[PDB]
Every structure is written in structure tokens, then in C-alpha cells.
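Asks: I'd like to ask some things about the structure below.
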Amino acid sequence: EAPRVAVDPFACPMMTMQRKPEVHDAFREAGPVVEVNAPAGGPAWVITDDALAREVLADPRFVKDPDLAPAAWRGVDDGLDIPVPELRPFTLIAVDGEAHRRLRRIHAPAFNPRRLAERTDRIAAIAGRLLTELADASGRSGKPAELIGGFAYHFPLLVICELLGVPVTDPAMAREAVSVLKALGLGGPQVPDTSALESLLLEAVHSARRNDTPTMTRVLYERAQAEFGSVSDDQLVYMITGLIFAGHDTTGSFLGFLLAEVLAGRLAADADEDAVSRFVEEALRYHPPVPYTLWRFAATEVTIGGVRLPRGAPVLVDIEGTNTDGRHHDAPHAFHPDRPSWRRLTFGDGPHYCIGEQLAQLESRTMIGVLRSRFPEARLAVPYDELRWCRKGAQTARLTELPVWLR
Ligand code: HEM
Ligand SMILES: COc1cccc2c1C(=O)c1c(O)c3c(c(O)c1C2=O)C[C@@](O)([C@@H](C)O)C[C@@H]3O[C@H]1C[C@H](N)[C@H](O)[C@H](C)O1
Numbered sequence: 004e005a006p007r008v009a010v011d012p013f014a015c016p017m018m019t020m021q022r023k024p025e026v027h028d029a030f031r032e033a034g035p036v037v038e039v040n041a042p043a044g045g046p047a048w049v050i051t052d053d054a055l056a057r058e059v060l061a062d063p064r065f066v067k068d069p070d071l072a073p074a075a076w077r078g079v080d081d082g083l084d085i086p087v088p089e090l091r092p093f094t095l096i097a098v099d100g101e102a103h104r105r106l107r108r109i110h111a112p113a114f115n116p117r118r119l120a121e122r123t124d125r126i127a128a129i130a131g132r133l134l135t136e137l138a139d140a141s142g143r144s145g146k147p148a149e150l151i152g153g154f155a156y157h158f159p160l161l162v163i164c165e166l167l168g169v170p171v172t173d174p175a176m177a178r179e180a181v182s183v184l185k186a187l188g189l190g191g192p193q206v207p208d209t210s211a212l213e214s215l216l217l218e219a220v221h222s223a224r225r226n227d228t229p230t231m232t233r234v235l236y237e238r239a240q241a242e243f244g245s246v247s248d249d250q251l252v253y254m255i256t257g258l259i260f261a262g263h264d265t266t267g268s269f270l271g272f273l274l275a276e277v278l279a280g281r282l283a284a285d286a287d288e289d290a291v292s293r294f295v296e297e298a299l300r301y302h303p304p305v306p307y308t309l310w311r312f313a314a315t316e317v318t319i320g321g322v323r324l325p326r327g328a329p330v331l332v333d334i335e336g337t338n339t340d341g342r343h344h345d346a347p348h349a350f351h352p353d354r355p356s357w358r359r360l361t362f363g364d365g366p367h368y369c370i371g372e373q374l375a376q377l378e379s380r381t382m383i384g385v386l387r388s389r390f391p392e393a394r395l396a397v398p399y400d401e402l403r404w405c406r407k408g409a410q411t412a413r414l415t416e417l418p419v420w421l422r
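With the authors' numbering applied, the sequence shown covers 4 to 193, 206 to 422.
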């Protein structure tokens, strides 16, 4: 049926900043829907057309249900996001239908952008502390500040933890713990001492239960309880565990790119607000951290751009590819903020759209304000052309490193 390209779509060599993997162009040229090799055995189909993928993502026949995935995938493609049956109703990514509408109704007031905005200053603070520290340390050592390990993940982590009421002192270690928690909770084997974080997560929940203070975590607790009749501490810890993982790991991947672009000098020195939000917009087009959508499966057989897809056909949208489509974007592998503001799929589409878009963009804009207002001379300590980025399977794209002189 479909044009077939016999490769892992997740394959990814060491990459330079300007290029995207060639698999992407292969798929596109082969057609709107392309059979490829899934990492964990068996076929998979990849969409390459913006318009098509958008319909697919609002099409109830394409579902998250991890139980439709191939048996060979279970306990071997940690790219498969498979909570145990009884937590799936608390996992946004693993449901559709009313279970999903419910979770969405639960998260939406918690992510109220009025209330995100009210904490701009707190977020600037976080950025600045981190940046000062890395600067102060760079002056001491004489070595450049490595912004990936140093900032890109610690910044969004602290932000998202703070909004939930989760007091973190060691961002490096909270990251390791929350990563493990995530792994276990999305189906994975078997000592990152998660108990530490768990303790703090449980504290936020506890705090949320007893205090009418409208935290993010309290709003969650209120909506869950009304929707579910009754919610448990372990349930609320579980959900927020997921917000922390997503809130830091995807964002941080992105921010490393955004930084590299800012520090390379590609944003004009006197950029208005709007010029900045244009630069961010473009970096989100040009450096999506998530290559393809999350695993979706055909719930029946379906025929989609003239191709006929079996029951349980593993389907992906190509985010990286669609965003770098010569056809819909003039000079797609060039970085042009002033581009005629067009659509992208970096945050996805349809009922499962990223609920963090606002936050991630807020974080992005604010970070650039801190940098140009307090670190005006911050510059790459190596050439942009020598930077390199990579991803191993289902992991977000990220730079190997980002050496910087912050002042
Ligand atoms: C640059 C940053 C981010 C990017 C690029 C990103 C990307 C995406 C994408 C593509 C989806 C949809 C997945 C699919 O349908 O296959 C998604 C969903 C989601 N995002 Fe993000 N995300 C980002 C930041 C954040 C942040 C900061 C948070 C939370 C604090 C967050 C939380 C979520 C959650 C909970 C979902 C699940 C949606 C659902 O299943 O209804 N994200 N994101
Ligand atoms: C215990 O964990 C959870 C409990 C309740 C809800 C969730 C989770 C969870 O871990 C969880 C995630 O990890 C992720 C998302 C997400 O929304 C949840 C939950 O909704 C959304 C994101 O995919 C992006 C796109 O924002 C980030 C992340 O998905 C992970 C694993 C996935 N294979 C892929 O590598 C992606 C880059 O990263």
C-alpha cells in the first residue's frame, strides 16, 4: 500500500545546527504517508503533510491507547508510553474520549495564563540567579559556562516546581529523580532516592489539600476531586510528576537551541517585545525538540491519503519535517524571524495540544529579557558551526553542549 522506507524514523546522527536528518526528506518525497520500520519491530506509518497530519490529529480513529501497540514493544521500546491500566485515567497522554476531556478540564484552569503572567518576575529571578551563578563560576574557573547542564533544564524545572508548590533546592538531583519516576510510571523496569522528591511532591499535595490558596496544585486538586468524586494523594503526586517531567525536559531541550541562536547574535540588539516573540516563534519552528508526535494507533482500519492502514497501525506525525517543508515555508532550513508568520506543529494539534505552550513561551521570552538586560555581552565560546545536537530514540533533541562566556 504505502511507499516504504526501510529505516528507523528516530535515526539521528550527530547534527549541525542548520541541518535536519535526511530521513525527513526521504519520507516527504516518497509521499504523504510512508511505511517505515518501528524501532521495536514491525511496521509504522509517518505523515509528512501539514494539512493531513492536522486532520489525523483531530480524527478519533487514531488513539493513544498503549494497549493497541505491538506486544514486542512491551518492556523494550521505552518510547511506548504505557502506564498501568489504573493510572491511565490520570495520564493525559494515554487516553482519548471523555477520560481525556476530563483531564483537560482539570488542567486548563491550573494553566490559566493570567496566573502564569503574574509570576513573570519570579521566573526572571530564577533565570538570573542561575545565570549569575554560572557567570560567577566562569570568572573563577576561567572555563566557559556549559549552559546545557547548567541552565537549560534547571531553569524550567525550578519554574514548574515552584508553580506546583514543590520546593526544590537541588535541581540537578530533582531532575534525576523525576526522570526515574516518569520512567516507572510510563511502564519501565524494576537509587535515585526518589523518596526525597516524593516527599516534596506529597508536601505540595498536602499543602494543596489544606489551603484554599489557589496554587496550580490546588486548582488541580479541586478539579480532580469534582470530576472524579474523590482523589488520592498518590494520584495527585502522579499527575504533577508528569507535569514536572514534561515541563522541564521538553522545554529545556528547546531552550538550549533558543540560547544558541540568541548567543550567536541573530536577534537584533534593539528588538521590541514583538521582535522577540517573533524570534522565539521562529526558533520553535526551526528547532523543535520533539521530532514526531506521540505514538498513535489506528483503532479500526482506515484509509488516509490513499493508503490503507491496518488495525493497530503505529502512526507518527513528522513535526521536524513539516516545520522544514520547502513547500510551505520559503527557505525552510534558514533561520528567518521576519518570515511570513505561518503555522507549525511543534506543540502538536487537535485535542492533545501542549497545555504548556503559554508557559514555555513565557519562559522563553522572559529568559531572553534577563539575558539581554543583565548579560548583554553573552556570546558563544565556540563557533555556531561547531555546535552539534542529537537524540537517541524517543528522547527530545538537544545540543551536546553549549559553551558560553556570559560576560
Ligand atoms: C518547548 C516546550 C514544549 C514543547 C515543544 C512541547 C510539545 C508538545 C507536544 C507536541 C505535545 C502533544 C503530543 C502528541 O499529541 O503527540 C505536547 C503535549 C503536552 N505537553 Fe508539551 N511541550 C512543551 C512544553 C511543556 C511544558 C512547559 C509543559 C508543562 C508544564 C508541558 C506539558 C504537556 C502535556 C501535559 C502534554 C499532554 C497533552 C495531552 O495529552 O492532552 N509541555 N507537548
Ligand atoms: C508519571 O508520568 C506521568 C504521569 C501523568 C501524566 C503524564 C506523565 C508523564 O510522564 C508525561 C510525560 O513524560 C510527557 C508528557 C506528558 O504530558 C506526560 C503526562 O501527561 C508530554 C511530553 O511528551 C511533551 C510533548 O510535552 C513530554 C513527556 O513525554 C515524554 C515521553 C515521550 N515518550 C517522549 O519521549 C516525550 C518527549 O517525552
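The beta carbon of each residue, even a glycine, is placed where N, CA and C say it ideally should be.
(1) Please state whether DSSP places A56 in a helix, a strand or coil.
(2) Could you give the DSSP three-state label for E38: helix, strand or coil?
(3) With a threshold of 16 other CB atoms inside 10 Å of the CB of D52, please say whether the residue is buried or exposed.
(4) Compute every distance between the C-beta of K67 and the non-hydrogen atoms of ligand 2, then say whether any falls below 6 Å.
(5) Is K185 near ligand 2, in the sense that its beta carbon is under 6 Å from a heavy atom of that ligand?
(6) For ligand 2, is there a heavy atom less than 6 Å away from the beta-carbon of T228?
(7) Identify, in the order they occur along the chain, each residue of the same chain with its Cβ nearer than 6 Å to the Cβ of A102, setting aside the five sequence neighbours on each side.
(8) For the candidate residues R342, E276 and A29, whose alpha-carbon lies nearest to that of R7?
(9) Taking buried to mean at least 16 other C-beta atoms within 10 Å of its own C-beta, is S379 buried or exposed?
(10) Under 7 Å, do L167 and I109 count as touching if we go by C-beta distance?
(11) Using the C-alpha atoms, what's the distance from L251 back to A239?
(12) Which one or two residues does DSSP pair with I319 in a beta bridge?
(13) Taking one C-beta from the stretch 117-131 and one from the stretch 351-371 each time, how about it: are there three or more such pairs within less than 8 Å?
(14) Is the CB-CB distance between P347 and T339 below 7 Å?
(15) Which ranges does the beta strand (DSSP E) cover as unbroken runs of at least 3 residues, wholly within the stretch 44-100, from first to last along the chain?
(16) Under a three-way DSSP split, which group does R300 fall into?
(17) Given the structure, does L189 come close to ligand 2, in the sense that its CB is under 6 Å from one of the ligand's heavy atoms?
(18) If you follow the beta strand (DSSP E) that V246 is part of, which residue opens it and which one closes it?
(19) Is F243 a contact residue of ligand 2, with contact defined as CB to any heavy atom under 6 Å?
(20) Between which two residues does the beta strand (DSSP E) holding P329 run?
(21) From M18 to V39, what does the alpha carbon distance come to, in whole angstroms?
(22) So, using beta-carbon positions, are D364 and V49 closer together than 7 Å?
(23) Within its chain, find whatever has a CB closer than 7 Å to the CB of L278; leave out the 5 residues flanking it on each side and keep chain order.
(24) Indicate, with yes or no, if ligand 1 has a heavy atom lying under 6 Å from the CB of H302.
(25) Using only CA atoms, which one of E297, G408, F260 and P306 lies nearest to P355?
(26) Using DSSP bridges, identify the partner residues of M17.
(27) Using the rule of at least 16 other Cβ atoms within 10 Å of the residue's Cβ for burial, across every protein chain shown, is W404 buried or exposed?
(28) What is the rounded straight-line gap between the Cα of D249 and the Cα of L217?
(29) Hey, could you find the ends of the alpha helix (DSSP H) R311 is sitting in?
(30) Tell me where the alpha helix (DSSP H) around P170 begins and ends.
(31) Using 6 Å as the cut-off, classify the Cβ of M382 as near or not near the heavy atoms of ligand 2, replying yes or no.
(32) Would you call the stretch 130-140 in contact with the stretch 398-418, where contact means no fewer than 3 C-beta pairs closer than 8 Å?
(33) State yes or no: is the C-beta of residue 195 within less than 7 Å of the C-beta of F269?
(34) For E165, tell me which candidate among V206, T337, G267 and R125 has the shortest Cα-Cα distance.
(35) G191 and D81 - do their beta-carbons sit closer together than 7 Å?
(36) Which class does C405 belong to by DSSP, given the choice of helix, strand or coil?
Replies: Taking the geometry as given:
(1) helix
(2) strand
(3) buried
(4) no
(5) yes
(6) no
(7) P92
(8) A29
(9) buried
(10) no
(11) 8 Å
(12) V322
(13) no
(14) yes
(15) 46-50
(16) helix
(17) yes
(18) Element bounds for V246: n/a, residue is neither H nor E.
(19) no
(20) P329 to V332
(21) 21 Å
(22) no
(23) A393, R394, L395 and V419
(24) no
(25) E297
(26) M17 is not bridged to any residue.
(27) buried
(28) 8 Å
(29) Taken as a continuous stretch (DSSP letters only), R311 belongs to no alpha helix (DSSP H), being part of the beta strand (DSSP E) at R311 to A313.
(30) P170 -> no alpha helix (DSSP H), and no H or E assigned at all.
(31) no
(32) no
(33) There are no coordinates for residue 195 in this structure, because the numbering of the chain runs from 193 directly to 206.
(34) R125
(35) yes
(36) strand
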